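Student: My structure file input02.tsv, TSV, C-alpha atoms, is below:
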chain	number	residue	atom	x	y	z
A	24	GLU	CA	63.80	39.25	-14.69
A	25	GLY	CA	67.05	39.92	-16.54
A	26	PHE	CA	69.38	42.04	-18.67
A	27	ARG	CA	67.70	44.47	-21.08
A	28	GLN	CA	69.44	42.90	-24.09
A	29	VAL	CA	68.18	39.41	-23.23
A	30	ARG	CA	64.62	40.56	-22.54
A	31	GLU	CA	64.60	42.45	-25.84
A	32	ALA	CA	65.80	39.37	-27.72
A	33	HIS	CA	63.13	37.30	-26.00
A	34	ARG	CA	60.43	39.82	-26.90
A	35	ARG	CA	61.56	39.66	-30.54
A	36	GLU	CA	61.33	35.87	-30.65
A	37	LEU	CA	57.82	36.06	-29.21
A	38	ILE	CA	56.70	38.55	-31.84
A	39	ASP	CA	58.01	36.33	-34.65
A	40	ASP	CA	56.34	33.23	-33.22
A	41	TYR	CA	53.04	35.06	-32.84
A	42	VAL	CA	52.92	36.42	-36.39
A	43	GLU	CA	54.06	33.10	-37.87
A	44	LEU	CA	51.40	31.35	-35.83
A	45	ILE	CA	48.69	33.72	-37.07
A	46	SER	CA	49.70	33.23	-40.71
A	47	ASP	CA	49.95	29.47	-40.31
A	48	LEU	CA	46.51	29.35	-38.66
A	49	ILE	CA	44.83	31.37	-41.41
A	50	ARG	CA	46.62	29.21	-44.00
A	51	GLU	CA	45.63	25.89	-42.37
A	52	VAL	CA	42.13	26.49	-40.95
A	53	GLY	CA	41.15	29.83	-42.49
A	54	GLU	CA	41.06	31.78	-39.23
A	55	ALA	CA	43.14	32.69	-36.20
A	56	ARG	CA	41.18	32.86	-32.96
A	57	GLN	CA	42.59	33.82	-29.54
A	58	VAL	CA	41.51	30.54	-27.97
A	59	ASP	CA	43.19	28.52	-30.70
A	60	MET	CA	46.35	30.62	-30.46
A	61	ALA	CA	46.48	30.14	-26.69
A	62	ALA	CA	45.98	26.39	-27.00
A	63	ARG	CA	48.65	26.11	-29.70
A	64	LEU	CA	51.13	28.20	-27.73
A	65	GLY	CA	50.47	26.45	-24.44
A	66	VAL	CA	49.50	29.67	-22.65
A	67	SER	CA	46.30	31.05	-21.17
A	68	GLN	CA	43.94	33.32	-23.10
A	69	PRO	CA	44.81	36.35	-20.92
A	70	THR	CA	48.46	36.30	-22.00
A	71	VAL	CA	47.52	35.96	-25.69
A	72	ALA	CA	45.14	38.88	-25.36
A	73	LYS	CA	47.97	40.76	-23.69
A	74	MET	CA	50.43	40.08	-26.56
A	75	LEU	CA	47.81	40.89	-29.23
A	76	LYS	CA	47.41	44.44	-27.89
A	77	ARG	CA	51.19	44.83	-27.99
A	78	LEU	CA	51.15	43.65	-31.61
A	79	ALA	CA	48.36	46.04	-32.52
A	80	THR	CA	50.41	48.83	-30.97
A	81	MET	CA	53.30	47.79	-33.24
A	82	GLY	CA	50.91	47.81	-36.24
A	83	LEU	CA	51.49	44.11	-36.84
A	84	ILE	CA	47.96	42.79	-36.43
A	85	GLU	CA	44.36	43.77	-36.98
A	86	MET	CA	41.52	42.24	-34.95
A	87	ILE	CA	38.11	41.94	-36.59
A	88	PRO	CA	34.83	41.24	-34.75
A	89	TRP	CA	33.62	37.67	-35.18
A	90	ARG	CA	36.51	37.02	-37.58
A	91	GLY	CA	39.57	36.71	-35.37
A	92	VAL	CA	43.06	38.05	-35.95
A	93	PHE	CA	44.77	39.00	-39.21
A	94	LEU	CA	48.19	40.39	-40.06
A	95	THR	CA	48.95	43.79	-41.55
A	96	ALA	CA	51.35	44.19	-44.49
A	97	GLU	CA	54.19	44.76	-42.00
A	98	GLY	CA	53.13	41.80	-39.89
A	99	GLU	CA	52.86	39.43	-42.84
A	100	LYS	CA	56.33	40.36	-44.03
A	101	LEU	CA	57.74	39.88	-40.53
A	102	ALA	CA	56.27	36.35	-40.50
A	103	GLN	CA	57.66	35.63	-43.95
A	104	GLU	CA	61.12	36.67	-42.80
A	105	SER	CA	61.02	34.50	-39.67
A	106	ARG	CA	59.82	31.54	-41.72
A	107	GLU	CA	62.66	32.21	-44.18
A	108	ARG	CA	65.32	32.14	-41.41
A	109	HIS	CA	63.89	28.90	-40.02
A	110	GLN	CA	64.03	27.42	-43.55
A	111	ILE	CA	67.67	28.43	-44.10
A	112	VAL	CA	68.67	26.66	-40.89
A	113	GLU	CA	66.51	23.65	-41.70
A	114	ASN	CA	67.92	23.28	-45.21
A	115	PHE	CA	71.44	23.69	-43.84
A	116	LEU	CA	70.86	20.84	-41.38
A	117	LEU	CA	69.37	18.70	-44.14
A	118	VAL	CA	72.47	19.24	-46.30
A	119	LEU	CA	74.43	18.17	-43.24
A	120	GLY	CA	72.48	14.92	-43.15
A	121	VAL	CA	70.18	15.29	-40.14
A	122	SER	CA	66.87	13.43	-40.31
A	123	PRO	CA	63.99	15.64	-41.64
A	124	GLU	CA	62.11	15.59	-38.32
A	125	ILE	CA	65.10	16.63	-36.19
A	126	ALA	CA	66.26	19.14	-38.80
A	127	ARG	CA	62.91	20.92	-38.67
A	128	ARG	CA	62.84	20.71	-34.87
A	129	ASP	CA	66.28	22.15	-34.16
A	130	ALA	CA	65.88	24.85	-36.82
A	131	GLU	CA	62.78	26.16	-35.07
A	132	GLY	CA	64.50	26.43	-31.70
A	133	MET	CA	67.87	27.49	-33.17
A	134	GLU	CA	66.96	30.31	-35.59
A	135	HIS	CA	66.34	32.86	-32.82
A	136	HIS	CA	69.85	32.29	-31.47
A	137	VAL	CA	71.58	32.46	-34.85
A	138	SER	CA	73.33	35.74	-35.70
A	139	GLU	CA	73.10	37.21	-39.22
A	140	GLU	CA	76.71	36.35	-40.06
A	141	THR	CA	76.04	32.74	-39.04
A	142	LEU	CA	72.86	32.53	-41.07
A	143	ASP	CA	74.77	33.78	-44.12
A	144	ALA	CA	77.34	31.07	-43.52
A	145	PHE	CA	74.51	28.53	-43.40
A	146	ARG	CA	73.00	29.89	-46.60
A	147	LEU	CA	76.43	29.83	-48.25
A	148	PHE	CA	76.51	26.06	-47.85
A	149	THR	CA	75.16	24.95	-51.21
A	150	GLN	CA	76.33	21.29	-51.47
B	24	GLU	CA	53.10	29.32	-18.59
B	25	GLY	CA	53.38	26.61	-21.23
B	26	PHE	CA	53.63	23.01	-22.39
B	27	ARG	CA	55.30	20.58	-19.97
B	28	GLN	CA	57.95	19.62	-22.54
B	29	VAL	CA	58.98	23.23	-23.11
B	30	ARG	CA	59.09	24.08	-19.40
B	31	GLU	CA	61.20	20.98	-18.76
B	32	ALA	CA	63.64	21.96	-21.52
B	33	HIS	CA	63.83	25.47	-20.08
B	34	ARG	CA	64.49	24.12	-16.58
B	35	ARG	CA	67.32	21.98	-17.99
B	36	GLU	CA	68.97	24.96	-19.70
B	37	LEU	CA	68.80	26.90	-16.44
B	38	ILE	CA	70.45	24.10	-14.49
B	39	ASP	CA	73.32	23.90	-16.99
B	40	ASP	CA	73.83	27.67	-16.96
B	41	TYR	CA	73.86	27.73	-13.16
B	42	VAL	CA	76.43	24.96	-12.74
B	43	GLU	CA	78.63	26.35	-15.52
B	44	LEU	CA	78.41	29.76	-13.90
B	45	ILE	CA	79.44	28.37	-10.50
B	46	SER	CA	82.44	26.53	-11.97
B	47	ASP	CA	83.48	29.56	-14.02
B	48	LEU	CA	83.22	31.81	-10.95
B	49	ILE	CA	85.34	29.53	-8.77
B	50	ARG	CA	87.84	29.22	-11.63
B	51	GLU	CA	88.06	32.98	-12.28
B	52	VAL	CA	87.73	34.60	-8.82
B	53	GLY	CA	88.06	31.63	-6.46
B	54	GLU	CA	84.52	31.77	-5.10
B	55	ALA	CA	80.88	31.77	-6.15
B	56	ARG	CA	78.66	34.02	-4.05
B	57	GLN	CA	74.88	34.42	-4.46
B	58	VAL	CA	75.16	38.17	-5.01
B	59	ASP	CA	77.76	37.71	-7.73
B	60	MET	CA	75.71	34.97	-9.38
B	61	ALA	CA	72.61	37.17	-9.37
B	62	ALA	CA	74.50	40.12	-10.84
B	63	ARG	CA	76.08	37.94	-13.54
B	64	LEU	CA	72.76	36.34	-14.44
B	65	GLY	CA	70.82	39.59	-14.42
B	66	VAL	CA	68.33	38.37	-11.81
B	67	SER	CA	67.55	39.29	-8.22
B	68	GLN	CA	69.09	37.49	-5.24
B	69	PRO	CA	65.75	35.90	-4.27
B	70	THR	CA	65.52	33.96	-7.55
B	71	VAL	CA	69.13	32.76	-7.27
B	72	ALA	CA	68.48	31.59	-3.73
B	73	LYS	CA	65.39	29.87	-5.07
B	74	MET	CA	67.33	28.00	-7.81
B	75	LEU	CA	70.16	27.07	-5.41
B	76	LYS	CA	67.75	25.14	-3.16
B	77	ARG	CA	66.46	23.32	-6.24
B	78	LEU	CA	70.05	22.44	-7.14
B	79	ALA	CA	70.81	21.23	-3.63
B	80	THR	CA	67.71	19.04	-3.86
B	81	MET	CA	69.15	17.58	-7.09
B	82	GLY	CA	72.50	17.01	-5.32
B	83	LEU	CA	74.27	19.35	-7.72
B	84	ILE	CA	75.57	21.95	-5.29
B	85	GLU	CA	76.83	22.33	-1.76
B	86	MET	CA	76.60	25.63	0.13
B	87	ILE	CA	79.23	26.38	2.76
B	88	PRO	CA	78.98	29.12	5.41
B	89	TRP	CA	81.14	32.15	4.64
B	90	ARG	CA	82.52	30.33	1.59
B	91	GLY	CA	79.75	30.47	-0.98
B	92	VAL	CA	78.59	27.77	-3.38
B	93	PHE	CA	80.48	24.75	-4.71
B	94	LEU	CA	79.57	21.91	-7.04
B	95	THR	CA	79.28	18.24	-6.14
B	96	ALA	CA	80.88	15.53	-8.30
B	97	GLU	CA	77.59	15.21	-10.22
B	98	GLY	CA	77.27	18.97	-10.58
B	99	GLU	CA	80.82	19.44	-11.81
B	100	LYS	CA	80.36	16.78	-14.46
B	101	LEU	CA	77.08	18.33	-15.57
B	102	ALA	CA	78.91	21.66	-16.05
B	103	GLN	CA	81.72	19.96	-17.95
B	104	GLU	CA	79.20	18.37	-20.30
B	105	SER	CA	77.38	21.65	-20.98
B	106	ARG	CA	80.70	23.39	-21.63
B	107	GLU	CA	81.63	20.53	-23.98
B	108	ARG	CA	78.42	20.92	-26.04
B	109	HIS	CA	78.95	24.68	-26.29
B	110	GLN	CA	82.52	24.01	-27.48
B	111	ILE	CA	81.42	21.53	-30.17
B	112	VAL	CA	79.03	24.12	-31.60
B	113	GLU	CA	81.60	26.89	-31.32
B	114	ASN	CA	84.31	24.88	-33.06
B	115	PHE	CA	81.83	23.87	-35.76
B	116	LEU	CA	81.01	27.52	-36.43
B	117	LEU	CA	84.72	28.39	-36.49
B	118	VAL	CA	85.36	25.68	-39.10
B	119	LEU	CA	82.51	27.26	-41.03
B	120	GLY	CA	84.33	30.59	-40.96
B	121	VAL	CA	82.34	32.70	-38.50
B	122	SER	CA	84.28	35.35	-36.58
B	123	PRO	CA	85.49	34.11	-33.13
B	124	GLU	CA	83.26	36.53	-31.21
B	125	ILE	CA	80.06	35.62	-33.06
B	126	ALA	CA	80.95	31.92	-33.07
B	127	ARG	CA	81.22	31.92	-29.28
B	128	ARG	CA	78.05	34.00	-28.96
B	129	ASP	CA	75.76	31.89	-31.14
B	130	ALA	CA	77.13	28.63	-29.70
B	131	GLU	CA	76.11	29.70	-26.21
B	132	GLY	CA	72.55	30.50	-27.23
B	133	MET	CA	72.30	27.63	-29.75
B	134	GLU	CA	73.58	24.60	-27.80
B	135	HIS	CA	70.41	24.25	-25.72
B	136	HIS	CA	68.32	23.99	-28.90
B	137	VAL	CA	70.61	21.49	-30.63
B	138	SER	CA	69.49	17.85	-30.59
B	139	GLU	CA	72.03	15.06	-30.00
B	140	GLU	CA	71.92	13.89	-33.62
B	141	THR	CA	72.67	17.45	-34.75
B	142	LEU	CA	75.54	17.85	-32.31
B	143	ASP	CA	77.05	14.62	-33.63
B	144	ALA	CA	76.76	16.00	-37.13
B	145	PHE	CA	78.57	19.14	-35.95
B	146	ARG	CA	81.29	17.08	-34.28
B	147	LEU	CA	81.61	14.97	-37.43
B	148	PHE	CA	82.72	18.05	-39.33
B	149	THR	CA	86.49	17.76	-39.06
B	150	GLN	CA	87.76	20.01	-41.91
Is it possible to express this structure as structure tokens?

Tutor:
Amino acid sequence: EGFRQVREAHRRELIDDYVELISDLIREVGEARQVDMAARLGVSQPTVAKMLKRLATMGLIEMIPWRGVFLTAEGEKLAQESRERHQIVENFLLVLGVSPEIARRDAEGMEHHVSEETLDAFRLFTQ
Amino acid sequence: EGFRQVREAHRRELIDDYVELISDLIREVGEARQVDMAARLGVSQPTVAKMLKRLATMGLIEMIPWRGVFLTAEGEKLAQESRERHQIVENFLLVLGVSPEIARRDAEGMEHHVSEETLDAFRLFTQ
């Protein structure tokens, strides 16, 4: 599998993606169902169900019968913070002059590998 | 598991890391053994052996009895190119003003999520 540090960083990125996904789903279609999450992640339903229980254990999500998944106050803030980091990187790349599509693409995959000091540096760039 | 596009990007990053690792090992200790590769990757020996056969099939590596693993001309160039991309990102972050340690860290994890247009933009930055 791998070094503890790397697995822990990978777990963190998964958590962020899951809570951002849930918020985006509620915001776009009004609900976040397990089947829709699975389809939008590209994974089976069993693995989504598996991650949801981990999230509940971390007090990040609440599951309601016939209504799907929702975020808790802690989970919604976590999603807001991830989104914010992705935006800082995206805006930085836009200031650099990268096409809007590519800027948004790279920012999504890059953010999780950007240290805090680097993100600050990106933010710094006002121009 | 996931979307084809994502799995293919992940496979690519693994290939680069493996060939860079092999070149770095030969350069630092004169040889690249499976047990040392496994230990330095944080994975078991079975998975390294598994990836090595995939690399041989791609004509990227050659395995020699009692001598370990070596790269082919194609494999050595692939490693040189990965290293180069990591360097472009690292230098870019240094120009930005990020500490040497963090610059090298983020560049390693970032490069695989940086599109070509973005890398050019990074290179562009001369300052």

Student: Tell me the residues of chain B close to chain A, meaning within 12 Å using only C-alpha atoms, as an NGL selection string.

Tutor: :B and (24-30 or 32-33 or 61-71 or 112-113 or 115-148)

Student: So which one's closest to residue 39 of chain B, B:73, B:100, B:56, B:90? Using all atoms listed in the file, please.

Tutor: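 For residue 39 of chain B, the nearest of the given residues is B:100.
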
Student: To one decimal place in Å, what is the distance between atom CA of residue 98 of chain B and atom CA of residue 82 of chain B?

Tutor: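 Answer for the atom CA of residue 98 of chain B to atom CA of residue 82 of chain B separation: 7.4 Å.
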
Student: Would you mind reading off the distance between atom CA of residue 101 of chain A and atom CA of residue 86 of chain A, one decimal, in Å?

Tutor: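 Separation between atom CA of residue 101 of chain A and atom CA of residue 86 of chain A: 17.3 Å.
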
Student: Could the centre and edge lengths of an axis-aligned box, enclosing all atoms of segment 128-132 of chain B in the file with 3 Å extra on each side, be given in Å to one decimal as lines of an AutoDock Vina configuration file?

Tutor:
center_x = 75.3
center_y = 31.3
center_z = -28.7
size_x = 11.5
size_y = 11.4
size_z = 10.9

Student: So which residues touch residue 84 of chain A within 7 Å, counting only C-alpha atoms, skipping near sequence neighbours fewer than 5 positions away, as a PyMOL selection string?

Tutor: chain A and resi 78-79+92-95+98

Student: Find the residue from B:85, B:104, B:44, B:74 that sits nearest to residue 60 of chain B; use only C-alpha atoms when measuring.

Tutor: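 Of B:85, B:104, B:44, B:74, the one nearest residue 60 of chain B is B:44, counting only C-alpha atoms.
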
Student: What does the distance from atom CA of residue 106 of chain A to atom CA of residue 45 of chain A come to in Å, to one decimal?

Tutor: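 Answer for the atom CA of residue 106 of chain A to atom CA of residue 45 of chain A separation: 12.3 Å.
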
Student: Looking at only C-alpha atoms, which of A:49, A:87, A:75, A:111 is the one that sits closest to residue 37 of chain A?

Tutor: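 Among A:49, A:87, A:75, A:111, it is A:75 that comes nearest to residue 37 of chain A.
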